[PDB]
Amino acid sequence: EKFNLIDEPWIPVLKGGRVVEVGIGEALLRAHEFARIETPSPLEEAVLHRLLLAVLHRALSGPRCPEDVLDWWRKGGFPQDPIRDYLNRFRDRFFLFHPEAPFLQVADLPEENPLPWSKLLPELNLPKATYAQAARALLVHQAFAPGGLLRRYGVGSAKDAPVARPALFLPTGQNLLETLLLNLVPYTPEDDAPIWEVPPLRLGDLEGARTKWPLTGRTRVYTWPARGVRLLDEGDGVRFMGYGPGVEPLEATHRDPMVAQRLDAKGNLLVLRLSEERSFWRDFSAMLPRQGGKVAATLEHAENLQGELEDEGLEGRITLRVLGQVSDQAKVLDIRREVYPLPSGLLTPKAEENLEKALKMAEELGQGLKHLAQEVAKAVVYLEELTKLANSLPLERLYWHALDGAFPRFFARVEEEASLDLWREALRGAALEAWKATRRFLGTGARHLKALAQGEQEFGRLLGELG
């Protein structure tokens, strides 16, 4: 019917320092001409990559082995004919509006009593979305929608979209081709199918949580129908939509290639999550095997490929992006993008031993500073005021904040054993700077002073440990 996502411009890409919008076809067939997918929403960036990856995996029936992807990097593009043959064949499943099979939507959701399209967006008068915006918001909702209250068509309480919670690891090259190659983890198509390879979903199938699937196909999970949606064409835009239950995810053993894991205190594997009291890079030693963690398959694929690129004289110009939501329950507190170098030989025991040391020191000094802040607040004065004064002190905040700036430079040089020492100095520098700010806080009013004397005692004590 209208607006084919393979053809029409809707994926924002950077071409020659300029943002332009392209379809899937151009984004895939001519990937080398774009530096990256360029969008303000890290959630959009994430799903736009996942969709393309889904399409490549199926059109190439692979990559079957690491070697395939290494071969295509050399040629400077991937097999082009099988992309076209695939896009031709499933073309009619890629219209945003369609009387039987609209993309990621439910055809027979009803027009009356619609919800606004703004409901697809994360919750941190109503404008008309362009078709391109409607398409992107749909994609983000289906990947990132948190579980909670639905109370529609017999379900009541909806489940998490598959990628609602975890931080997503996305290696990036210097153009889109390389970035896609760096995320094309070896794949086998058997017993996996993306949403457009399976018959369109209908309201009858979805009422009362009737359609349940194992949460276990890579491309099935990349394109999982987490909610029933039906965008309504206003003429030249979208404001309203039908809205209902999607497919219920049943528990299966499967980890999304972009998801990493770590042991918690009690010794259970959790997914690395973004959070605002804790810098993300503090989980980078925990996600490794030597501490019982699992590293994101994408990061693993890329580091190995970086090895095989170096040994052939090819580049190791690879950055890691982390995308995702910070959230509690049905609420989304924040959306973040974080950038890190992807250092050569990161999964070598020399670099991993250096990494464990560098975080252990940081957590060790940090908990010391945390306890210093605890004693100081007790000297200044129920747990009302003690925890109120706790955060009021800039000691821990400034300390971790300064290491945010310092961690990238350490992390790129992580294969050196001459790095551990520059790091040891960064810690001193960050502690000194944070303590100075706390001395500014304590020397301004005469009653904050019995805290300051004894605080300085323990601060000097702490600096003697590592140095």
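Note that residue numbering begins at 1 and tracks the sequence as displayed.
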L149-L150 interval: deposited residues absent from the model: none
Where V381 meets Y382 in the shown sequence, the number of deposited residues left unmodelled: 10 or more
344-352 or 181-189, whichever carries the higher mean Cα B-factor: 344-352
Between the two ranges 312-320 and 258-266, the one averaging a larger CA B factor in the entry: 312-320
Per the PDB entry, maximal CA B factor within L299, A167, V221, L121: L121
Per the PDB entry, maximal CA B factor within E33, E44, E433, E38: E433
Within-chain third of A330 by Cα B-factor, per the entry: highest
Third of the chain, ranked by Cα B-factor, where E197 sits: lowest
Record-listed C-alpha B factor of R64: chain third: middle
Assigned third (lowest, middle, highest) for the C-alpha B factor of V13: lowest
Within-chain third of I24 by Cα B-factor, per the entry: lowest
